[PDB]
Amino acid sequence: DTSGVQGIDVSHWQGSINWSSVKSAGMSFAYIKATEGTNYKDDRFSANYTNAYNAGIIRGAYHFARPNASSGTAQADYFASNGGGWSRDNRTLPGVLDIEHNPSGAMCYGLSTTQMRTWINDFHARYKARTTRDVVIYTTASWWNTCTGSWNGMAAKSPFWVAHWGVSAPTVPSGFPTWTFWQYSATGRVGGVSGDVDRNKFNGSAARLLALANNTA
C-alpha cells in the first residue's frame, strides 16, 4: 500500500544511497540497520544515519536480534551504544528490535516461549532505561505467534512494525492492538537506492509520525 505516509528501511545490502533522492521521491521516514547480535555493526550505518538526517528524513536505527547469543539486556545496551540512542530533534525515531526467523539455527533461537518472552521483555526494559523510549518490534506474525506462543505481553509496551509482503493489508497477531509500521515489499524501487528496497507504510498522519519521533504521542 503506497498511500499516505511512506518510508523505507535499508542495510549495507542497499549500498551507497543518495538520501536527497529518497526524500524527493516522497519518502518521509526510514529505518537503518545498525547492529546485529553481540558484535556485528552495519558498515553503512554511520553514513546512512548522517545523510538521511541531513536530507530531512525522519529516521531511526534497528538491531537484528540473535537471542541465542546473549541476554536481551546485553543486546539492548550494545544497540543503545552503537546507533540506537535517541533524543528529540524532529528527525529521530525510537529504535527497532528486529526479532525474526533465525538465519542460522532453530527458528526460535533455542529459547522456550517463556524464555523468549523474558528475552524480549529484558530488551525492552533496558532499551527504555537507556533511551526513555518504548522499542518498536519488527517481526512477522508467524514468528511472533510461534516463538512467543501468541503473547499479548507487549501490546501496551511496544509499537508493532509488521513484515507482510504482497498483501493489501497486513495480518496482525492478537498480541498487538494495531500496526504502527508495515513492511509491504522487499522488492520496491525508490530514487537514490539502486536495486530492491524494502518499502514501509506508517499507520497515521505526518503529525503522528513526528509525534512518535519526538515522544509526544
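The numbering used is simple: start at 1 and walk along the sequence shown.
Undergrad: Given the B-factors recorded for C-alpha atoms, which segment has the greater mean, 77 to 85 or 106 to 114?
TA: Taking the mean B-factor of the alpha carbons in each, 106 to 114 is higher.
Undergrad: Between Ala52, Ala163, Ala186, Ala61, which one tops the list for Cα B-factor in this entry?
TA: Highest C-alpha B-factor among the listed options: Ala186.
Undergrad: Please work out which residue in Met27, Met154, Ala69, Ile32 has the highest C-alpha B-factor recorded for this crystal structure.
TA: So the option with the highest C-alpha B-factor is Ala69.
Undergrad: For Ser205, does the deposited CA B-factor place it in the lowest, middle or highest third of the chain?
TA: Within its chain, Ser205 is a highest-third residue by C-alpha B-factor, going by the deposited values.
Undergrad: Thinking about Cα B factors across the chain, which third does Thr180 belong to?
TA: Middle third by C-alpha B-factor.
Undergrad: Ranked by Cα temperature factor within the chain, is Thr132 in the lowest third, the middle third or the highest third?
TA: Answer is middle: the recorded C-alpha B-factor places it there.
Undergrad: Sort the modelled residues of this chain by their C-alpha B factor and say whether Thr139 lands in the lowest, middle or highest third.
TA: Its C-alpha B-factor, which the entry lists for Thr139, ranks in the lowest third among residues of this chain.
Undergrad: By the record's CA B-factor, is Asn48 among the lowest, middle or highest third of residues in the chain?
TA: Lowest third - that is where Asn48 ends up once the chain's C-alpha B-factors are sorted.
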